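What follows is a single chain, given as structure tokens, in the form deposited in one PDB entry.
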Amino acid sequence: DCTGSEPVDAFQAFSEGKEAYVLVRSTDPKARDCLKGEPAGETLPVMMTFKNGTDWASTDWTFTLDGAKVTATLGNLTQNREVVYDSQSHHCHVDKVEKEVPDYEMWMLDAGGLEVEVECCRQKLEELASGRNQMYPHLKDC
């Protein structure tokens, strides 16, 4: 059984903005290597850390949450997401990145993820991605 948290709430899916999450699956071929989103004080400020290519980089995004929907902004760049699946204990979740041809991402806790729940997120990402190639950004010499 892989029934997640219902109704899906983005604030609950991110452990109420108290835990760091890592990008582990993505249908976007330009997905950031070793991407990790973590709390950056206090809308909801988020610090994104990633690699491009050998050197580490970091940017400050501002999240605006409303139910399952998540709007992230950096300067004048805007990205819209919807948390389409969240596991029982908020250990992982799957986002639909809203654009002309939507992408799907799997995010999981940087530390303390329950295997059965993480596997349910992997299956939900497989279902939504279907045959589209799934990048594993956390396996890029992180």
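Residue numbers here begin at 1 and follow the sequence given.
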| query | finding |
| --- | --- |
| Deposited but uncoordinated residues in the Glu115/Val116 interval | none |
| Residue range whose averaged C-alpha B-factor is higher in the record, 92-100 or 45-53 | 45-53 |
| Stretch exceeding the other in mean C-alpha B-factor - 26-34, 107-115 | 107-115 |
| Entry-reported Cα temperature factor of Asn76, expressed as the chain third it lands in | highest |
| Chain third (lowest, middle, highest) by recorded CA B-factor, residue given as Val83 | lowest |
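Unshown form solved in complex with a partner chain; subsequent notes refer to it.
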| property | result |
| --- | --- |
| Close approach of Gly113 to its partner chain in the bound PDB entry, 4.5 Å, heavy atom | yes |
| Non-hydrogen atom contact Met106 with its partner chain in the bound PDB entry at 4.5 angstroms | yes |
| Partner proximity in the bound PDB entry: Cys142 to its partner chain, non-hydrogen atom cutoff 4.5 Å | yes |
| Interface membership of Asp33, its partner chain in the bound PDB entry, 4.5 Å heavy atom rule | no |
| All of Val24, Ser89 and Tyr136 within 4.5 Å of its partner chain in the bound PDB entry, heavy atom check | yes |
